[PDB]
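Q:
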Amino acid sequence: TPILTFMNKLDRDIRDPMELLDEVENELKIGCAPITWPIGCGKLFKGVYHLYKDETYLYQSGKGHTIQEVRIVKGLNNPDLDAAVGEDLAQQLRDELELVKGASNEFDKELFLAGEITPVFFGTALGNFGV
RNA sequence: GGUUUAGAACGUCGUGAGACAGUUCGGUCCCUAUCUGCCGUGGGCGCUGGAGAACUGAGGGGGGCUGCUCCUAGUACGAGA
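If you read the first sequence in our numbering, its first letter stands for residue 433, the second for the next number, and so on.
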């Protein structure tokens with residue numbers, strides 16, 4: 433049976449999402465294919481950058497009861513991602529994404545249906561963001 | 001209202017008058033503020049020619065309480081709660 437993976441609780445101070453990928457591949461014996469990627473966590477959760485759509489959905493704090501306003505920032509090197517997220521966090525997104533590409537997987541529909549890779553989504557079910 | 005006067009009764013002590021830091025019902029609380037003090041409010045004279053305004057500010061006084069909710073965030077902390 434195929435497995436989607438959702439990394440919940442990005443409102444909280446969490447572990448390194450890199451390390452989180454290791455624990456999922458190593459201990460669950462299944463490949464990880466990131467679809468989105470968190471930008472900051474805890475008090476610094478700013479949203480997720482979508483790897484395949486190449487855009488950035490911006491998290492707003494405490495709209496967990498309804499659906500928040502979908503607020504996108506288009507480019508991964510769009511200088512508005514720097515403005516909206518702070519250029520510091522913006523580069524760490526860029527850095528991590530570099531490492532991610534050298535140590536992860538492209539989502540393949542065939543291997544997902546074979547139960548050999550999981551599409552990993554990062555989000556927060558409480559903030560109603562990522563769902 | 002209590003309690004300390006005078007009336008009356010109970011228990012109680014005493015032959016008794018009376019008595020009890022025992023109880024019970026009743027039972028006159030004056031003052032026109034001279035001074036100090038304090039709240040206000042004027043008059044005088046001063047401040048150096050006499051006036052009409054507007055000021056500066058040495059000082060002085062007043063004020064100074066706090067609940068609950070929401071954002072942060074059900075975040076940090078926490079196995080959870």
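Backbone N, C-alpha and C fix where the C-beta goes; we use that ideal spot for every residue, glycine too.
DSSP puts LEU490 in a beta bridge; with which residues?
A: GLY479
Q: With DSSP run on the structure shown, which of helix, strand or coil describes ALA522?
A: In the structure shown, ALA522 sits in a helix (DSSP, three-state: H, G or I).
Q: How would you write the range of the beta strand (DSSP E) that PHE554 sits in, first residue to last?
A: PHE554: member of the beta strand (DSSP E) spanning 549 to 554, first to last residue.
Q: Indicate whether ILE467 and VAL563 have their beta-carbon atoms separated by less than 8 Å.
A: Inclusion of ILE467 and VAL563 in the CB contact set at 8 Å is not warranted, their separation being larger than that value.
Q: From this set, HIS497, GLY494, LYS478, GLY496, which residue's C-alpha is nearest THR488's C-alpha?
A: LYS478
Q: For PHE561, which residues of its own chain have a beta-carbon under 6 Å away from its beta-carbon, when the five flanking residues on both sides are left out?
A: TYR491, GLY555
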